[PDB]
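As a starting point, one isolated chain is supplied in structure tokens, in the form deposited without this ligand.
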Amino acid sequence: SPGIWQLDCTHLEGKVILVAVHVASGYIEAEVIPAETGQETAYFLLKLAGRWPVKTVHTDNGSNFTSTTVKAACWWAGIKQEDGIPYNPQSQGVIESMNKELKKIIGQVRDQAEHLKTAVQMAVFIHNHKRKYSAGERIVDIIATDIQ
């Protein structure tokens, strides 16, 4: 549970926002890319697993599940790559709701930055710091409890 993350890909301004959500906390990291390829998804997972103890990733679609580049980065970083099937259906709606929330945040900061990637990082910041404890607090508590 502390090591489980979900990939999610959403579209804005003709670009792709790739998101990794730490399932137990709601904590996110995200990046803007021109389009979702295995190459970009593999690089993004390497960055994520170098920063947090990523044990399991539920991939966002069958192309990234299949991708031999994604499989190679999962092997390299010690990550169990799984499918993203919402066997519990509440998962479908939870990701949908996060994409809407994120885009709503993005629209609240959009005029403060020239480039989409900056507005996405401001949104990552606002999402992780929002008290609901924040997601950022929750992930650190979860993983610290796991270490002890």
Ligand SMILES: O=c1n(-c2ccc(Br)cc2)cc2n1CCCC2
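Note that residue numbering begins at 1 and tracks the sequence as displayed.
- The deposited sequence places 4 to 9 unmodelled residues between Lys132 and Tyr133.
- Look at the mean CA B-factor for 16-24 and for 134-142 in the entry; the higher one is 134-142.
- Higher average CA B factor: 97-105, of the stretches 53-61 and 97-105.
- Per the deposited record, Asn88 carries the highest C-alpha B-factor of all listed residues (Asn88, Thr66, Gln39, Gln121).
- Among all modelled residues in this chain, the alpha-carbon of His115 has a temperature factor (C-alpha) in the middle third.
Same protein, other form: the form solved in complex with this ligand, not shown, and the subject of what follows.
- In the entry with it bound, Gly26 approaches this ligand with a heavy atom inside 4.5 Å.
- Among residues of the shown chain, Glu101 is one whose heavy atoms approach this ligand to within 4.5 Å in the entry with it bound.
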